[PDB]
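Trainee: Protein chains in written order, with the UniProt record's numbering: chain S, 1 to 248; chain G, 91 to 177; chain C, 2 to 305; chain L, 2 to 303. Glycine included, C-beta positions come from ideal geometry on N, C-alpha and C.
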RNA sequence: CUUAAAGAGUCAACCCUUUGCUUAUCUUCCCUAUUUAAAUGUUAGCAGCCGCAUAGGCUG
């Protein structure tokens, strides 16, 4: 039919809050889709889509400047310099509390699914952040669009992310539409020739640059079509919602 | 002068699902969005932003845009709304 | 010929602490906790800088964050969790040959001692840093695998023998030596006195509004996960002219003081790792140092 | 040649006062404490600056914080604790050699006098600052090691000899000259009169609707721990042409009077420290001053 | 298969003096709150005895 598993109040400490060179804050949908796919690889459960919501969130630092992290020495040929503060790249970190909902292909009993999900989460991070504590995951199911609303409100309370597309461009839309940019995918700039230095020796490699959309945050309740708030991979190496652009 | 220079050290590397396969993506930043968009958000009085100076202390050793825009570049403050304490 | 190192060899960290939240309680009423909130105050002072006396007659106003115990609670309570993770040899970005022959050369490493010193730094409360200064007593409660251990005042700079530290180091070394994970839930209680200053993590920000910013999570005083981490992995008593334990660093770096105790003396992580991989023989404590660097994690760069 | 001081040589403070809370009681019913709350009031005045008489016909409105005893309580009660911490020669940040030879150069410092003058500033009520003016009587209560001590009638500006001050200073010097710590728990009772203005610490806020703002904790009038501390370490009578004791500052700075009684005459902490480490000899009072600067805390490096 | 993998912000601090917020004042007119009803949760518990008593058992 349609099965989901919800994990509420995922306290995460130490998030890599830089999603791109011009976006620092809430981890983007690409991150949670990658998390769902990591779980798919590690457990075998097929993950159709994911929906995430912020319960608490704070970037470290002040209002207009993010915190610095103290870089520790790490590279060879630096012993003649390890007696002084290591030079330093920017790496804003954050701390938060999220609620997750994964749509899954499951035919078995709920206890097995929940235990496999918990045993995966115990080995994961979220956007690099250490997972400190999460509630017991629970399963729900929906046949018609009425039970989908119950699955939706089961995440309460949290602010989930809807995709409202780009009219002009990121900057003009931020100024005029009072919305928030978000990394939604990537654009391939050039193929990388040699995998001498890559995570794989075989997987195709490309230099890329992020592609964005314009998102909005809304209380899972006030969202009508829950599909409009479920993110998954897809066309043209982007990610998007099952229900498309948000306007009910 | 518009010649490419490949270099992947220190850069992030993510897998990304391409048609039920995977490509390794190595993200790099776009100069236009920071030079132009910083100037634009400045013009149009957009304040929901972090200021981030690039190439610290010795910017001129980094990039001409970093070298001549020492005030910093504007980043979209992507903080989400928070569930209030009382519920 | 010589098995050289990859350009980058990367391991994830295996000691994963959370943030430490700071509450205030009374020493004999530990079930009525209240959060310690970060406040702001004005601070006027003098120009007591070593350089120039010509401006010591001028002042400087300043505004800073501060955090204190309430005037009706005498005990600081610090809470966090630590997750230890196995597979300490699976590289995250380094190659296969170098990393695997290194995993082979280090399988005989004393994991009992490393686990003991980690758990001991946790139980003696080294992670409390300046919050130790001037405490009447320190009481540490560690809950692991449905077991609850209590530790009273413990000597921090010596890894003295204790049966409960060892009983927890059993499971910790079991996870580190193999795979899986184990989570300790740590509480600290310090009898400091009513209204005593506590010491949350200090923020590294370019903020013109504050001269000192304390780390806060929705207004409550806290400590960075990475600072608790730097405290835990302070176990290195094996550098030359060893005095006190320092944090596991590839160069024995203590930038805090402007010295590196493993710089240019054949005892840095890279010299010892090249030795271990290229057939050389390792001391038990050189093995411990290299494997503790692997437990630390890192993105070690340079090479081909 | 010269032992240069490490660039990051720093000591942590050893006299740790808390913030002081301000209550109101009656002089003869001290078990009924009520808290003094900071309020806000409008204040209208004249433009009476020395310079311009052209604005002498113009007024000015402000809003300010204010703090009063109620009209049914006549005594101000100021409460705080002070923790003295030993190991006053172990540096916080500095390296070894400079700090170690400085520790050796000062092991003959008069710790009795230092501890006595600290405890005396606490017992004579210097820590009360402007709350001392207009008192029918002041009564200080110091509890330490399950021993209670009461003080009335102590001259603030003279270090007169007192047996209880010396007995407390004994424990304080036992901590300061060795290791460990000790907490004195201090109350001050001042018979000011019902409705008397009291003087908490003042704040600075760049631009606010308030022209004058008082330090509060949950709305209760309070004093900054650093102000109590500054009163505690007012023991320096050893600068040149010394009248009254000043607070121990490396340059003997009194920013409120725009002068520095130890700046520019080879009497500053840095000159004396360099001398002490580099072989030169110090007076007994100079050793006291340098050790008092080490107890104050601060960065002593380039 | 998460812009993956990695990281100690740290020492120290007197915000101080002074103050007139003054004068005057019309809140007025109008008004349908209506139908109907099982508190269920059978309530859900305890008073006395034997007892070395937070072992177990027994009284209408």
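Please decide whether residue 263/C counts as near chain L, where near means a Cβ-Cβ distance under 8 Å.
Mentor: Start at 1 with the first residue of the third chain, and residue 263/C comes out as number 262. It does not; no Cβ of chain L falls within 8 Å.
Trainee: Nearest to residue 192/C by alpha carbon, out of 249/C, 7/C and 29/C?
Mentor: Mapped onto the third chain, residue 192/C falls at position 191. Nearest of 249/C, 7/C and 29/C to residue 192/C, Cα basis: 29/C.
Trainee: Determine the extent of the beta strand (DSSP E) in which residue 148/L is found, giving its start and end residues.
Mentor: Residue numbering aside, residue 148/L sits at position 147 when the fourth chain is read from its first letter. Unbroken beta strand (DSSP E) run through residue 148/L: 148 to 152.
Trainee: Within the continuous alpha helix (DSSP H) that includes residue 154/G, where are the two ends?
Mentor: Reading the second chain from its first residue, position 64 is the one you call residue 154/G. Taken as a continuous stretch (DSSP letters only), the alpha helix (DSSP H) holding residue 154/G covers 154 to 158.
Trainee: Under the DSSP definition of a beta bridge, which residues are partnered with residue 47/C?
Mentor: What you label residue 47/C is simply residue 46 of the third chain in a count that begins at 1. Beta-bridge pairing links residue 47/C to 60/C.
Trainee: Starting from the N-terminal side, write out each stretch of the beta strand (DSSP E) that is 3 residues or longer and does not extend beyond the stretch 177 to 215 of chain C.
Mentor: Look at the stretch 177 to 215 of chain C and you find these whole runs of beta strand (DSSP E), each 3 residues long or longer: 182 to 192.
Trainee: I'd like to confirm the pairing. Which residues does DSSP put opposite residue 27/C in its beta bridges?
Mentor: The residue given as residue 27/C occupies position 26 in the third chain. Answer by DSSP bridge pairing, in chain order: 30/C.
Trainee: In the DSSP assignment, find the alpha helix (DSSP H) that holds residue 119/L and state where it starts and stops.
Mentor: For the purposes of this step, residue 119/L is taken as the residue at position 118 of the fourth chain. Residues 112 to 124.
Trainee: Just checking: is the beta-carbon of residue 302/C within a distance shorter than 8 Å of some beta-carbon in chain G?
Mentor: Position 301 of the third chain, counted from the first residue, corresponds to residue 302/C. Closer than 8 Å: yes.
Trainee: Tell me residue 126/S's beta-bridge partners as DSSP assigns them.
Mentor: Walking along the first chain from the start, residue 126/S turns up at place 126. DSSP output for residue 126/S lists 129/S as bridge partner(s).
Trainee: Can you tell me the Cβ-Cβ gap for residue 99/C and residue 10/C, rounded? I've got them flagged as a contact below 8 Å.
Mentor: Locating residue 99/C in the third chain gives position 98, where the first residue counts as 1. Locating residue 10/C in the third chain gives position 9, where the first residue counts as 1. 7 Å between Cβ atoms; contact.
Trainee: Of the residues that make up the stretch 215 to 240 of chain S, which ones have a beta carbon closer than 7 Å to any beta carbon in chain G?
Mentor: Answer set for the stretch 215 to 240 of chain S: 217, 233 and 237.
Trainee: If you count every other CB in all the chains shown that lies within 10 Å of the CB of residue 61/S, and 16 or more means buried, which is it?
Mentor: As a first step, residue 61/S must be located in the first chain, where it is residue number 61. Counting every other CB atom within 10 Å of its CB across the protein chains shown gives residue 61/S a total of 16 or more, marking it as buried.
Trainee: Using a 10 Å radius around the Cβ and a threshold of 16 neighbouring Cβ atoms, would you call residue 248/C buried or exposed?
Mentor: Here residue 248/C refers to the residue found at position 247 when the third chain is read from its first residue. Result: buried.
Trainee: Use the C-beta contact count for residue 241/L: other C-beta atoms within 10 angstroms, 16 or more gives buried, fewer gives exposed.
Mentor: Numbered from its first residue, the fourth chain carries residue 241/L at position 240. Exposed is the call here.
Trainee: Check the C-beta distance from residue 81/L over to residue 19/L and give it rounded, since I have them as a contact under 8 Å.
Mentor: The count along the fourth chain starts at 1 and reaches residue 81/L at position 80. The count along the fourth chain starts at 1 and reaches residue 19/L at position 18. Rounded, the Cβ-Cβ distance is 5 Å, consistent with contact.
Trainee: When you compare the CB of residue 104/L with every CB in chain C, is at least one pair closer than 8 Å?
Mentor: Position 103 of the fourth chain, counting from 1, holds the residue named residue 104/L. For residue 104/L, the closest Cβ of chain C is not nearer than 8 Å.
Trainee: Could you check if residue 52/S is buried or exposed, using at least 16 other CB atoms within 10 Å of its CB as the buried criterion?
Mentor: Here residue 52/S refers to the residue found at position 52 when the first chain is read from its first residue. The residue in question, residue 52/S, is buried, as its Cβ has 16 or more Cβ neighbours within 10 Å.
Trainee: Do the stretch 183 to 203 of chain L and the stretch 72 to 86 of chain L meet, that is, are 3 or more Cβ pairs less than 8 Å apart?
Mentor: yes
Trainee: Tell me which residue opens and which closes the beta strand (DSSP E) that residue 124/G is part of.
Mentor: Here the question's residue 124/G lines up with position 34 in the second chain. First-last for residue 124/G: 121 to 133, but that is the alpha helix (DSSP H), not the beta strand (DSSP E).
Trainee: From the DSSP secondary-structure annotation, give me the bridge partner or partners of residue 20/S.
Mentor: Indexing the first chain from 1 puts residue 20/S at position 20. Beta-bridge pairing links residue 20/S to 23/S.
Trainee: Are the C-beta of residue 37/C and some C-beta of chain G separated by less than 8 Å?
Mentor: On the third chain, position 36 is the one that residue 37/C refers to. For residue 37/C, the answer is no, since every Cβ of chain G falls outside 8 Å of its Cβ.
Trainee: Taking Cβ-Cβ distances below 9 Å as the criterion, which residues of the stretch 127 to 146 of chain G are in contact with chain S?
Mentor: Cβ contacts with chain S come from 127, 128, 130, 131, 134, 135, 136, 137, 138, 139, 140, 141, 142, 143, 144 and 146.
Trainee: Mind checking whether residue 236/C and residue 189/C have CB atoms under 8 Å apart?
Mentor: Residue numbering aside, residue 236/C sits at position 235 when the third chain is read from its first letter. Residue numbering aside, residue 189/C sits at position 188 when the third chain is read from its first letter. No, the Cβ-Cβ distance between residue 236/C and residue 189/C is not below 8 Å.
Trainee: The alpha helix (DSSP H) that contains residue 111/S, what's its start and end?
Mentor: For the purposes of this step, residue 111/S is taken as the residue at position 111 of the first chain. Element bounds for residue 111/S: 110 to 121.
Trainee: Please list, in chain order, the chain C residues whose beta carbon lies closer than 9 Å to that of residue 64/L.
Mentor: For the purposes of this step, residue 64/L is identified with residue 63 of the fourth chain, where counting begins at 1. Under the 9 Å cutoff, chain C gives no residues; its nearest Cβ is about 18 Å from residue 64/L.
Trainee: How long is the line joining the alpha carbons of residue 70/L and residue 198/L, rounded to whole angstroms?
Mentor: Your numbering for residue 70/L matches position 69 in the fourth chain. Your numbering for residue 198/L matches position 197 in the fourth chain. Cα-Cα distance, rounded: 7 Å.
Trainee: I'd like to know if the stretch 166 to 174 of chain C and the stretch 210 to 227 of chain C are in contact, where contact means that at least 3 CB-CB pairs between them fall below 8 Å.
Mentor: no
Trainee: Is there a Cβ of chain L sitting closer than 8 Å to that of residue 158/C, yes or no?
Mentor: Here residue 158/C corresponds to residue number 157 of the third chain, with the count starting at 1. Taking Cβ atoms only, chain L never reaches closer than 8 Å to residue 158/C, which makes this a no.
Trainee: Between residue 122/L and residue 61/L, what straight-line distance do the alpha-carbon atoms span, to the nearest angstrom?
Mentor: Along the fourth chain, one-based indexing puts residue 122/L at 121. Along the fourth chain, one-based indexing puts residue 61/L at 60. Each residue's alpha carbon lies about 40 Å from the other.
Trainee: Which ranges does the beta strand (DSSP E) cover as unbroken runs of at least 3 residues, wholly within the stretch 274 to 303 of chain C, from first to last along the chain?
Mentor: 299 to 302
Trainee: Looking only at its own chain, which residues have a Cβ that is under 6 Å from the Cβ of residue 273/C, when we skip the five neighbours before and after it?
Mentor: If you number the third chain from 1, residue 273/C lands on position 272. Once the five neighbours on either side are set aside, the close Cβ partners of residue 273/C are 287 and 291.
Trainee: Taking residue 66/C as the reference, which of 200/C, 305/C, 260/C and 74/C has the closest Cα?
Mentor: For the purposes of this step, residue 66/C is taken as the residue at position 65 of the third chain. Ranking the options by Cα distance to residue 66/C, first place goes to 200/C.
Trainee: So, does the CB of residue 99/G fall closer than 8 Å to a CB anywhere in chain C?
Mentor: Position 9 of the second chain, counted from the first residue, corresponds to residue 99/G. It does; some Cβ of chain C falls within 8 Å.
Trainee: With C-beta atoms as the reference, is residue 90/L less than 8 Å away from residue 177/L?
Mentor: Taking the fourth chain and counting its residues from 1, the one referred to as residue 90/L is at position 89. Taking the fourth chain and counting its residues from 1, the one referred to as residue 177/L is at position 176. The answer is no: Cβ separation not under 8 Å.
Trainee: Output the distance between the C-alpha atoms of residue 125/G and residue 144/G, rounded to the nearest integer angstrom.
Mentor: The residue given as residue 125/G occupies position 35 in the second chain. The residue given as residue 144/G occupies position 54 in the second chain. Looking at the two C-alpha atoms, the distance is approximately 12 Å.
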